[PDB]
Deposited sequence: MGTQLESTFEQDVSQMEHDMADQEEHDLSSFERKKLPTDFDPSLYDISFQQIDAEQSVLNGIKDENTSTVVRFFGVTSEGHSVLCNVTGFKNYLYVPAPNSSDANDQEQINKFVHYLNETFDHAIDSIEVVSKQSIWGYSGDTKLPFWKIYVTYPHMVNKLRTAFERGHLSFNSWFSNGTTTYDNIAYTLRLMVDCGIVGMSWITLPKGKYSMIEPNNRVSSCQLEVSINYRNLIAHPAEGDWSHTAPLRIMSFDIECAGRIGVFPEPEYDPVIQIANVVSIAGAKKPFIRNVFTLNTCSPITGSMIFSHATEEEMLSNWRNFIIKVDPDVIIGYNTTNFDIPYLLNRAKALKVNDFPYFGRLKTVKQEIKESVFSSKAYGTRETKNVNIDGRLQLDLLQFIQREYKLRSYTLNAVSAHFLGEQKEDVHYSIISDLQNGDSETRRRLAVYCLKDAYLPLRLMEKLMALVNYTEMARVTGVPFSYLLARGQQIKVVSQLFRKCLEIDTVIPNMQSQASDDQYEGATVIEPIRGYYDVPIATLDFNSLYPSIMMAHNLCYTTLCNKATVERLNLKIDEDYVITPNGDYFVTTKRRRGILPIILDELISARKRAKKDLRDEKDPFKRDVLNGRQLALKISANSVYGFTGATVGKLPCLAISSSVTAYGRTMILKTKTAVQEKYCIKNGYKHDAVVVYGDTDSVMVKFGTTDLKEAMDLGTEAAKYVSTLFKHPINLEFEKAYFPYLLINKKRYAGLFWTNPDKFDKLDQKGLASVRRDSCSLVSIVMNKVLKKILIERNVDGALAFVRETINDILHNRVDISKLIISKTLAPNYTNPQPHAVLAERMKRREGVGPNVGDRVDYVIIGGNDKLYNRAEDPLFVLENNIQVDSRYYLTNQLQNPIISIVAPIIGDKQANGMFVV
């Protein structure tokens, strides 16, 4: 269809109507016409009112700025001289320095006392000039009055849009009210957007509502999900230069609605009717594309979603329209003449990997590619639409041929395309993608768009700037300087390896690293030193503390740190999510709620990580190292306290043994053969141990393993009990059977062997199954699908890896192949070459009847993991004999 937004009130007028809208995105821009507070640059916020009206609100009069410390010079307070310095800067920086305001601030770096210092807040008429100013102060030669020649630390480096959001109290996905009489309409001939309401307000006059109570609701966002089909060549993934887009299916709904209010398919050529959806068929591809752009503009979606839309559908359409010279195509943002462009960049982090990105500006609309969401929030063996639809939704080549048939074959194609457009919307709603990300944007204060495009650091940065503003504190700008060394981390306890046929109680600290930062008041602002404690005559333990890393931090007596408060808020949110999880029946919903609480846990742990990131801009290893140091002492103290308490000479039946533990957990063999008693002792022990640490540190009994197969550090399995009557699952940590680089032959067999032993207590049956499997490998009875190994392609290599060698080979053969950051699928083929030269594309293998290295799969894939699980039961000799041959 294409229904448009509800019409505005007929008597609408800025003097009559407040405008309250949920802002979903914002960007820096220059406003045509009069300046405000000597600047023509604005932050344009886009969003939606409770009645479903779209809004572009220009926030005017907000000048970017930087802080530098006032010079240590007698003439520093002479206004005439400050005025002259401003003239000097205007001569140097394109006449873009507005003024200098003298303010009292303190650096976030350390405790020197509560005495604040004079800083110079230097305002600019356009935001980007702050960067050049910062550079000049840092490495330029601003030699006026010998004030900064030369040179100086600068403070509060942050992008202009976020600077405004922080200073105005605006978080992501938040509500803003524009009071009647306080804003003005953009005149018809000056309009730049297609929003129903295009207005301007001075930043001081907007009301930024905290996302709480009556202002924690969300606006009725219009969600558009789409999917395209292309008719491409046999053997070639479609290329925009040659292969037509032949269908675009669309579904549009209101956030949270039961059903979409628009369902349609744009087709090239004719297409027979589809019950419950509109069909818009076109004689030419060009027409279809232009109509689709017009459709977006008229429907005015707030969020554009789909599955792989980011890396495929969107760039493909842009590139296709360009190839076809449909030159007005790429204008479907909310800014009428702002072109959608592909920005090529690179994203890299340990958590998310390293890869090229192709982000497109669709100004004033959000994007939520469900493939990108699911990849971030879930660990799955496969992320194909089919795979994830079957997994989350319970769902169960010819394309070009269907296209070249008739109205009926194209209809068939259109149902497929419509379904592919609908699934992402089902996924978004069931996985609560929009709802949970709204929460995250609000809690951390970042724009929604940062969640999928950016990392954990920017969320920490936003929270830090917001807390610092509250206490007149500013943050020094430092250059990233990656270290060649990692600081010392956690203790992993030496395992007493083997098969335990008695209950093992697992105890672990709630939110360990955050609880350590809170208990011990660990923050940039509380960091001190020997020199200060003496100049100030502070008393150990009352006024400060010395960490096991040897660092001095002041106590809450002297200063409440800010990191503890940020962590407190994140843990509160997490606790709300956990309660929701505790209160929910449906297994699937609980799953989703489990990701929500995990996401918030990672956010809290990322505040610790931020302090340890030298690949980052505010490392403080005093904090990160003190945290890990405390952690090592705590697990040692926990192990010692459990062993000293629960022993025969204290009236217990057995001497408790800590058989294993990792970072913040201990696995305890109390000695009893009874499961409930082990769980009761585990609970009592955690309660006792918790009394030995400072609030809010807390040890809890987590679960019992019975039996428990401990193979090595970070390698074990066990039946996992949270009640003594029925076990929850067969839990596996670290084993090949839970690593996504195992071939499924190994994972499946390991899984079945573990089940037969731990659940069915049938070692004989497990061994018969392994022997059968060995026979199948050696007689080529294993489907190639179970032999495929997948590994991520790294950006660069020192040592040649089989999948990386194969990726280059594939490009040589086909002109294209896996890119950095893609998983590469391969099987090992037979032959005399080095292993890294013997990884091959499974399709290439099938096509050419190439023999797979069967013995390799036996000896170098199956054999070691299987021996490691059965040897503890049948012994090393038998386990090894089973593999001859």
property: Deposited residues without C-alpha coordinates, grouped into stretches that follow sequence order; result: 1-28, 425-430
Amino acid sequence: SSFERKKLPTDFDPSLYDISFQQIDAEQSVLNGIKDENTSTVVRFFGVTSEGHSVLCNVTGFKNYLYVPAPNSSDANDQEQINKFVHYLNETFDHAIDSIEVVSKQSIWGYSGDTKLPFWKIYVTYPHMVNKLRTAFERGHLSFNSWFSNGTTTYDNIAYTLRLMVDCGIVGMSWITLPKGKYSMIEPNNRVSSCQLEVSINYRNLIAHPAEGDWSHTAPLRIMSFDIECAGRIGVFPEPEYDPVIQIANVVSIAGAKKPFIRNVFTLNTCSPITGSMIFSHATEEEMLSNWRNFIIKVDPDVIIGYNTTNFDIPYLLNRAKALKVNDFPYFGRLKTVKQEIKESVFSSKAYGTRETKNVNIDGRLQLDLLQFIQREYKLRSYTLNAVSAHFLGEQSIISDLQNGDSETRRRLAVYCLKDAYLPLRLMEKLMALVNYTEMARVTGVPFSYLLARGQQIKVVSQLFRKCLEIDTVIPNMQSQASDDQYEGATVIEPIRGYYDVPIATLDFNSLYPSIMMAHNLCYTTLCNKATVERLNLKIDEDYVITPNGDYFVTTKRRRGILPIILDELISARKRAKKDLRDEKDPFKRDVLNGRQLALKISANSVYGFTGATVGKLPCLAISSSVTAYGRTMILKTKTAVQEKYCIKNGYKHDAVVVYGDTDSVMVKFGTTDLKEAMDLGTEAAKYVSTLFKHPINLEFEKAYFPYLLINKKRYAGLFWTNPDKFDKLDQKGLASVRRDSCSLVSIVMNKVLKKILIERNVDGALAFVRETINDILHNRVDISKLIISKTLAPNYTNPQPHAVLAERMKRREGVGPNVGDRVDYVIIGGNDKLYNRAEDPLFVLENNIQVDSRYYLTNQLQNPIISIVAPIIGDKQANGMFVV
From here on, numbers count along this sequence of modelled residues.
| query | finding |
| --- | --- |
| Stretch exceeding the other in mean C-alpha B-factor - 775-783, 578-586 | 578-586 |
| Per the entry, higher mean C-alpha B factor between 765-773 and 128-136 | 128-136 |
| Out of 493, 667, 629, 211, residue topping the C-alpha B-factor column of the entry | 211 |
| Member of 481, 603, 633, 663 with the greatest C-alpha B factor (per the PDB record) | 481 |
| Chain third (lowest, middle, highest) by recorded CA B-factor, residue given as residue 180 | lowest |
| For residue 570, the third of its chain into which the C-alpha B factor falls | lowest |
| Relative C-alpha B-factor of residue 832, binned into the chain's lowest, middle or highest third | highest |
| Cα B factor band for residue 817 (lowest, middle or highest third within the chain) | highest |
| CA B-factor placement of residue 35, once the chain's modelled residues are sorted into thirds | highest |
